[PDB]
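As a plain string of letters, each chain reads:
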Amino acid sequence: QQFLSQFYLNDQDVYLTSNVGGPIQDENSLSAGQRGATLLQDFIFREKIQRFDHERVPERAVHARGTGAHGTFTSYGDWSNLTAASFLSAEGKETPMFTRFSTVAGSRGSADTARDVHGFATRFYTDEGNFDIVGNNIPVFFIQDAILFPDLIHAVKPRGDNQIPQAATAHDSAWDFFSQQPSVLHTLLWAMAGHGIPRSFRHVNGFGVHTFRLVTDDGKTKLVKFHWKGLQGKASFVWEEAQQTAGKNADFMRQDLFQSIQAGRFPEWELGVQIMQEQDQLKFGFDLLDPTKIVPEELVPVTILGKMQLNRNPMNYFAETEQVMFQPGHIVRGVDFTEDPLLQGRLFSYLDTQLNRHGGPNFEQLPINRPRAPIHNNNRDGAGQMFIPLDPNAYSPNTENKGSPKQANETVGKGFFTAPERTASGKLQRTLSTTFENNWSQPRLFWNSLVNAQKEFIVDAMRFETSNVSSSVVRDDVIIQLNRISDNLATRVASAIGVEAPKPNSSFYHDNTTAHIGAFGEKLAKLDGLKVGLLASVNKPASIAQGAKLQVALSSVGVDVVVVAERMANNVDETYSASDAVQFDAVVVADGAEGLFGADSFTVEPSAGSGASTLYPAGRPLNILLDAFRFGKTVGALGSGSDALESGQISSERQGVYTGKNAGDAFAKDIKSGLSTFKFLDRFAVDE
Amino acid sequence: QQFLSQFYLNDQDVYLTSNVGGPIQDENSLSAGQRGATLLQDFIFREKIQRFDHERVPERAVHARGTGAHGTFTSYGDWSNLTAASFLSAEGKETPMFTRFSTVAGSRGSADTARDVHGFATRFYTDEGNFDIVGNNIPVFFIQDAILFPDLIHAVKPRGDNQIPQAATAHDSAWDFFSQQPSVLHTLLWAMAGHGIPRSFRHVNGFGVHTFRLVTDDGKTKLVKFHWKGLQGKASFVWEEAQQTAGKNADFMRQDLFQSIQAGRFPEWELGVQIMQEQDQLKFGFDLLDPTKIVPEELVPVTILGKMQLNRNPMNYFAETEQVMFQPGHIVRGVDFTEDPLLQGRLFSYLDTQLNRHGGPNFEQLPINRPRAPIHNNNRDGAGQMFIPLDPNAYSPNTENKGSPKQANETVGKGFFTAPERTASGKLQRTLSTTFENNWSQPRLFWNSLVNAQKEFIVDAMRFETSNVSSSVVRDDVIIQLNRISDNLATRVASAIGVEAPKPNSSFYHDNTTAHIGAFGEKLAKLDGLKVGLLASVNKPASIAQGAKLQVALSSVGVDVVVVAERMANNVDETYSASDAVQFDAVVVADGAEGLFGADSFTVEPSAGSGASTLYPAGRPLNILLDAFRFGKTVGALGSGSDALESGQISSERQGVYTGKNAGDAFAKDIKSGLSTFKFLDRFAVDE
Amino acid sequence: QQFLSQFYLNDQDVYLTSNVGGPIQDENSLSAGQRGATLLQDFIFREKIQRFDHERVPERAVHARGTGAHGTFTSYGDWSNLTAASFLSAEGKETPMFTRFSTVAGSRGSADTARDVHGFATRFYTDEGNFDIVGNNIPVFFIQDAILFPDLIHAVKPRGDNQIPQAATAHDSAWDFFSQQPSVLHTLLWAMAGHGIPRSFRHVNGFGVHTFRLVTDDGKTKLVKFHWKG
Ligand code: HDD
Ligand code: HDD
Ligand code: HDD
Ligand SMILES: *[C@@H]1O[C@H](CO)[C@@H](O)[C@H](O)[C@H]1NC(C)=O
Ligand SMILES: *[C@@H]1O[C@H](CO)[C@@H](O)[C@H](O)[C@H]1NC(C)=O
Ligand SMILES: *[C@@H]1O[C@H](CO)[C@@H](O)[C@H](O)[C@H]1NC(C)=O
Ligand SMILES: *[C@@H]1O[C@H](CO)[C@@H](O)[C@H](O)[C@H]1NC(C)=O
Ligand SMILES: *[C@@H]1O[C@H](CO)[C@@H](O)[C@H](O)[C@H]1NC(C)=O
Ligand SMILES: *[C@@H]1O[C@H](CO)[C@@H](O)[C@H](O)[C@H]1NC(C)=O
Ligand SMILES: [Ca+2]
Ligand SMILES: [Ca+2]
Ligand SMILES: [Ca+2]
Ligand SMILES: [Ca+2]
Ligand SMILES: [Ca+2]
């Protein structure tokens, strides 16, 4: 906020002006008489409406729906023996960042909690150029060659004739593609697991996906995978809960990130690399160049390089978040590409697509895209040229500008250089590498590694999605492919969708596992920004007062208590009308609120002597409680509030149901335990 | 320069970087082996070539060919009793300016010296907003309603089928339009006179064309015409000279301006207004709203308000000159529009057309277009948004931003306001005003007011142009219209083009004149930047030495002496091969150079022993001399240099031919007298 | 469909081609060897990805979320005593139409069932030119002068800092504008009633909102409101 502040427009206590600084008024069109026609000479009208008429720019072709934040990177060491990259050159060295998180398929107003792969794009504004790692929350991708991207995306996006369905793979074309292109199976399993529906952007990890090269000044290389290890913990929804959130708060995840940062609860990730040798490319039984494969951490551990903290919200979403233009081609000395055909083609796309978004070639001149390092080159002109180059002789080699700008390379001026030992060999060809052909072993590895509940969630997701697939041909092709991963998986999905159970095809079956790969099964590391909804009543003021008492006990772990009541009164945060279970990570019925939770509240006729409230829909309080329970959330009750649990047929003997006499330390302890468990998986049926 | 310098990129003694600050080299593509194919991952190649591929923007729809300079305006007074305009509020108040001069019809890269109307666009960067007067070097325009602009311009521009001819009205469609739309006749006469082919942009006046309103803080108005009175004086070419210049130096006028500013010979114009009352709109015998009419200075004198000086060339032509986007809608408090239908429609076009040029709505954010005043409004977003608005509540009326930005109007915040007594009355209609119907009386006024030679130049121009009109219908229609101006004019043109001499139609004939309206007839006020070509010979070093001697005698009046010889040697500026009469305002043959001017030099056989030079084309020196004479320029000879005059059959008794013994003060005095006269009109035949 | 069919591209049982008619394959990038780098000379790759990279156009500034259908209008009469409009000149005269329905505030991909005013835009492809009535499902609008449109829309649309909330008036700026500009109250009541959340586009009426003029060949006029009665 040193650098960007030069572009700020402050509009506090000032007179309105045109875009060229003439003071104006803008509330009435210029007319010929009181009731007359509007005049063409009204330049105030036309300038104002013209800016409005042209406000929009094309949404991103993929990842249109996203949110961003500023942050800072701190290096944990001097990594110069591993890479020449300046931002990693010293312990404690700090580098500004901008990060954008996103879904993939949906357009820009689609719901945050759609099931999808998620983007995780991080820019380092380094002292030797902008460096972008444009990653995902899943370490593998659907396809093995960038040329297949429009096929994949056309298949997952809405139908060409009617543009249905929005932000969903639950339609024929998507599953047609997945089953025709089995490379997709690994990513598919991740997306059908908890990783497709995370609780927030703070509760995911990030991955560069591709193998990259790190390069030292003397040209030595290592092969790496980039990791962003989240310091909050993994937390994910179940499907029915994600759907409900989409209806109640389309902005759920962007709101969570914004509010956490405003509250000073800065989320953090550690940057790590799996460090490998050039000679390791084929050593592990798969190709390091294949973006559908993970390197299990049992084989190569993650070496931690430093830490990113997100600590500042944008001032203007459009200027900063909408306009940020990431490119994997934003590379710096000390990093190089590999021959991963997915990565290779990506490099073309990100330079080209900004011409669509920006409408011209000078997109790197936007404040959010500018480097924090000097720019000196012979590039010229183009629409939207915001600089005035003083050198009128824009060519090399020259004598007219005394040989400047000067060439920079491996040995002089700290130039970028391609890793010097990289070689090409063989015939020019359009082929699929024979090393890429195992599409099934790693999906089985992932499947083996999940807790039973998460295996079920995958099954339930695929049952849901493929029941929406009309084509019998597609449904059958899907089951055949799933069967090559696991006969159990295929059989459990087939039974819901009218497909005969397949016989085992054991070519790729195995029992290998890798640890903690699922979204479920580990406790949260931090509870920052989680919310407890305290269901209270204005008719019993002592119920409302329990909010403040519970809050004081939970403040130190960064948990907010939200007081819900029938109407806005002192110390009430929101009304039952405006509330839903999906807003809260835990729900607590306050002592004295139990009268709102009658078991007949859903269907009772609102007669005068029923004394039903008009302040919220029939059964709203009980609905919040029951939804919270069914979704697997921590539920609690204080004092007589436990009567509400009985009305809802919720036994206090169940895990994740807590009762307390009052809102003391003993109760807060239970709630903290519940919140760290996050979801109580014993409430979900599993196939026998 | 304090403002624009923040956008400067200095590339002296620096390493080459990408657009995002990464040091690079850019001289070899990345290849697979020494003789291999280029790799897609070469981001250095692609960023460099993408910038190049997108360098161009659409040329302006009209006035594509032009040049600009920075300057400063000084007010001669406190004009607050005449106008609320801030830049005219104090004696000695200074305001930065940018000015662009242009032709109209030709594309980018067309010749400076095409016959055309010329643009004269001046921006004042005032403390209360940018104010543009977008004018021409002729006070009247061809048409009376903006809606006819595409018709006029399609007719004047090249044919639709083959795009011939460039930058010329000498084709059927132009003269078809002129003869079908007699409103065009007044501007046509100005353009066919010397005003169509000026010597330089320093030697023209400027005009706002339209009647505007000036308005005081209390709402009182005057009607005005804006004038830019040039302080150098009017100077113009003859047609055959303008053509030869187009062949030898397409950049003649832009070069003249650039070099004059570099030499510190800053051209100046005084801003003036003819001040009239609202009640004067019809009382002069024509309508002040009619842009085809002048107000003769005999009826209303010009009141001088201040002075513009142009004193700094751009640093980068594209960034500054190509991207400057003028608008008559860039108006400030203290000025208002009139109901001139040409002005009225212009207001729409200049806001719309910048969307084409810039490719998006944020063109006022380009450095050259930004105001030197604060911007505060609720306009938002759009492609190429270079600001970050801090106010997230971009609407009025608001409480969320405490009611800011606040409305500015006549009485508060110094807002723009429409002159409060302007009224509308009558039926909505698409009609030509009955007050606009006299198309011929003022053309006759202009014709009457010219010296005989300039009458002849109009005749000669029309003879040239209409001899290139194939259609007999068009030729006949032209003569009919000209005849309504003057039977003399019509008959003189008709005789060249095979049209029968028309009978007089005396409806609009009159004998009134207005003073000094032509481009010819007055002496120059300043000789700054005029050029004397001294034709010398390396074989007679004393001839070259006369250059320095003549230069010393002429340096005090800002005239340059250019020494021309066979080859570059000490104190030689140009070679005969690279020289032409059109480069010089006067040509002098040096003592000792006379041997180069033999009468047989055009046709002698260049055989071995003939002695003829290969250093320049046959007859070049004599050609320069004879061209200079025929074009009407000052011609001189020193010492035995006078033998060259004898060879060219040029008698020294002729006006504007001067001889002397040596380059002393007496000869220099004669040259200054010749340069002040500029063109010797007695060398041109006139109809009897 | 006779008119639009000339622009149809039929891709049943055909070989794949480039945009300039050259038969191609598009499933593997051209590489230097089996595991090598992708070549710049792969024009098949670049044309395919360039088309993809540039698929999107800006969404409409308002009414971004909408759907359309083709149809046909039939005149019930010869209305020449009321209007010179050609498409209303004979009983039984038929004119092709296209209609788009929409919400107002939400972006592309926002929910159909957001509470909002709804667009009802109908084009008549008449024999004397295209005629559009660009209407809404509510007969009155929030503001009385077009110059206030960006103010209304900036207030209703998501906050400038964080772009929250999507497709909703349930935030401070919207209600700030509504309460500062009481002209908005009539439309507000319609939108807060069932008209803000219809069951479908088939179960709403349409309105031109503005008073228009109808004019006969001899220049006689009536003032009208246009209605589409479902
Ligand atoms: C050849 C096409 C192609 C392919 C194969 C990929 N992408 Fe990409 N992606 C684009 C073409 C593209 C794009 C069309 O160029 C986008 C849309 C907007 C933009 O700036 O780039 C983009 C955007 C985009 C964004 C959003 C950046 C932002 O927030 O603005 C992310 C996070 C990713 N991609 C991530 C990935 C990952 C992790 C990939 C595989 C490992 C991947 N993409 C493959
Ligand atoms: C309605 C169409 C129209 C009409 C009737 C006029 N103009 Fe204009 N003119 C334009 C439409 C336009 C334009 C298409 O909007 C241009 C082209 C580029 C631009 O910025 O504006 C322009 C450019 C343009 C320029 C170039 C500004 C520059 O250097 O960038 C000048 C000097 C003028 N015009 C002068 C005039 C004069 C003195 C007019 C009559 C008194 C006139 N124009 C009538
Ligand atoms: C001056 C600004 C302005 C104002 C005051 C209005 N509109 Fe409008 N409207 C636009 C500016 C606009 C626009 C920005 O020009 C749009 C966006 C996309 C487009 O084609 O036009 C548009 C789109 C648009 C659409 C979508 C057409 C489609 O489906 O593509 C409809 C149905 C309406 N408007 C309806 C109305 C109604 C019934 C209005 C009041 C009676 C109204 N608008 C006032
Ligand atoms: C890098 O390795 C070298 C040689 O082994 C040694 O000087 C040093 O321990 C290392 N330096 C850093 C940056 O840790
Ligand atoms: C880098 O540039 C320098 C200076 O021109 C040159 O000497 C050197 O050989 C270049 N190449 C490499 C690979 O270092
Ligand atoms: C303006 O007019 C008044 C009254 O006629 C006069 O006294 C005053 O000097 C004028 N102001 C200027 C700046 O000329
Ligand atoms: C200008 O605005 C002020 C303050 O809002 C208002 O009182 C006044 O009527 C306006 N003045 C004119 C001349 O319209
Ligand atoms: C000159 O103009 C005046 C005023 O319009 C007019 O009365 C007079 O007749 C004209 N005289 C000549 C010489 O035609
Ligand atoms: C129009 O009006 C006339 C006279 O009132 C009437 O006779 C005629 O039938 C009308 N035309 C139609 C088509 O209704
Ligand atoms: Ca391949
Ligand atoms: Ca329990
Ligand atoms: Ca008119
Ligand atoms: Ca010649
Ligand atoms: Ca003489």
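What counts, and where the lines are drawn
Residues numbered from 1 in each chain as written, not as in the entry; some residues may be left out. Chains lettered and ligands numbered in written order. Part of a larger assembly, values for the part shown. Heavy atoms only, no water. Helix = DSSP H or I, 4+ residues; strand = E, 2+ residues; numbered from the N terminus. Rg over C-alpha atoms; globule rule 2.2 N^0.38 Å. Buried < 20%, exposed > 50% of the residue type's maximum accessible area, 1.4 Å probe, protein only. Contact = heavy atoms within 4.5 Å. Areas by Shrake-Rupley, 256 points an atom, 1.4 Å probe, with all protein chains shown as cover. Domains from an automatic or database assignment. Buried area = accessible area lost by both parts, 1.4 Å probe. Polar contact = N/O pair within 3.5 Å; in protein donor to acceptor, adjacent residues only side chain to side chain. Donors = N, O, S within 2.8 Å, 3.2 Å for Na, K, Ca; no water. Salt bridge = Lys/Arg side-chain N within 4 Å of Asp/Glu carboxyl O. Pairing = 2+ DSSP bridges. Least-squares fit on C-alpha atoms. Core = buried A, V, L, I, M, F, W, Y, C linked by side-chain atoms within 4.5 Å.

- As recorded in the PDB header, X-ray crystallography is the method behind this entry, and the stated resolution is 1.80 Å.

- Identification of chain C as CATALASE from Penicillium janthinellum is taken from the PDB entry.
- In the PDB, the structure is listed with the title "PVC-AT".

- Per the PDB entry, chain A goes by the name CATALASE and belongs to Penicillium janthinellum.

1. What to know about the overall build of chain C
Now for step 1: Scanning chain C from terminus to terminus reveals four helices and seven strands.
Now for step 2: At 24 Å, chain C has a C-alpha radius of gyration far larger than the 17 Å of a compact globule built from 230 residues.
Now for step 3: Taking all 230 residues of chain C together, 47% fall into the buried category.
Now for step 4: Across chain C, the fraction of contacts at a sequence separation of at least 24, relative to all contacts at a separation of at least 6, is 51%.
Now for step 5: For chain C, the exposed surface amounts to about 12900 Å²; the carbon and sulfur share of it is 54%.

2. Let's talk about the domain arrangement of chain A
Residue and element names in this part refer to chain A.
Now for step 1: Partitioning chain A into structural domains gives domain 1 (1–428), domain 2 (429–526) and domain 3 (527–688).
Now for step 2: Both sides of the domain 1 and domain 2 interface together cover about 3800 Å² of buried area, and 62% of this is carbon and sulfur.
Now for step 3: Area buried by domain 1 at its contact with domain 2 is led by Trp175, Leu189 and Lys234, which between them contribute 18% of it.
Now for step 4: Counting across the interface, domain 1 meets domain 2 through 21 residue pairs in polar contact.
Now for step 5: Within the residue set of the side of domain 1 that touches domain 2, elements represented by two or more residues are α3 (172–180), α4 (185–192) and α5 (239–248).
Now for step 6: Looking at the side of domain 1 that touches domain 2 element by element, the count peaks at six residues for α4.

3. Comments concerning the coordination of the calcium ion (ligand 14)
Residues and elements named next belong to chain B.
Now for step 1: Protein-derived ligands of the calcium ion (ligand 14) are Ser652 (O), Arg654 (O) and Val657 (O), with the metal-ligand distances lying across 2.3 to 2.4 Å.
Now for step 2: Along the chain, the residues donating to the calcium ion (ligand 14) fall in the pattern S-x1-R-x2-V.
Now for step 3: Accessibility expressed as a relative area gives 32% for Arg654, which makes it partly exposed.

4. What about the interface of chain A and chain B?
Now for step 1: On the side of chain B, 105 residues touch chain A, which itself brings 105 residues to the contact.
Now for step 2: Carbon and sulfur atoms make up 57% of the surface buried where chain A meets chain B, a total of about 9900 Å² over both sides.
Now for step 3: Taken together, chain A and chain B are joined by two salt bridges.
Now for step 4: Notably, a salt bridge pairs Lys406(A) with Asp13(B), separated by 3.2 Å at the nearest N-O pair.

5. Some words on the pairing of strand β4 (residues 119–126) of chain A
All names here are of chain A.
Now for step 1: Counting buried residues along β4, eight of its eight residues qualify, which places the element largely inside the surrounding structure.
Now for step 2: Side chains of β4 alternate between two faces, with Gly119, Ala121, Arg123 and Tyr125 and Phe120, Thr122, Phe124 and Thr126 buried alike.
Now for step 3: With eight bridges connecting them, β4 and strand β5 (residues 129–136) associate as antiparallel partners. Opposite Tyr125, over in β5, you have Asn130 as the bridge partner.
Now for step 4: Turn length for the β4-β5 hairpin, with the two strands adjacent in sequence and antiparallel, is two residues.

6. Digging into the relation of the copies chain A and chain B
Now for step 1: Superposing chain A onto chain B requires a rotation of 180 degrees together with a translation of 0.0 Å along the rotation axis, leaving an RMSD of 0.2 Å. Taken together, the rotation angle and the small translation identify this as a two-fold axis. Rotation axis and chain A: the residue whose C-alpha lies nearest the axis is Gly359(A), separated from it by 3.2 Å.
Now for step 2: In this assembly, 100% of the residues forming the interface of chain A have copies in chain B that are likewise at the interface, indicating an isologous arrangement.

7. Considering the nonpolar core
Now for step 1: Counting 67 residues, the largest nonpolar core has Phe124(B), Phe226(B), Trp228(B), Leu152(C) and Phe178(C) as the members making the most contacts within it.
Now for step 2: Setting aside residues no more than four positions away along its own chain, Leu152(C) makes contact with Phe141(C), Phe142(C), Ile143(C), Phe177(C) and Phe178(C).
Now for step 3: Residues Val156(A), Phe177(A), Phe348(A) and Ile24(C) belong to the second largest nonpolar core, which totals 62 residues.

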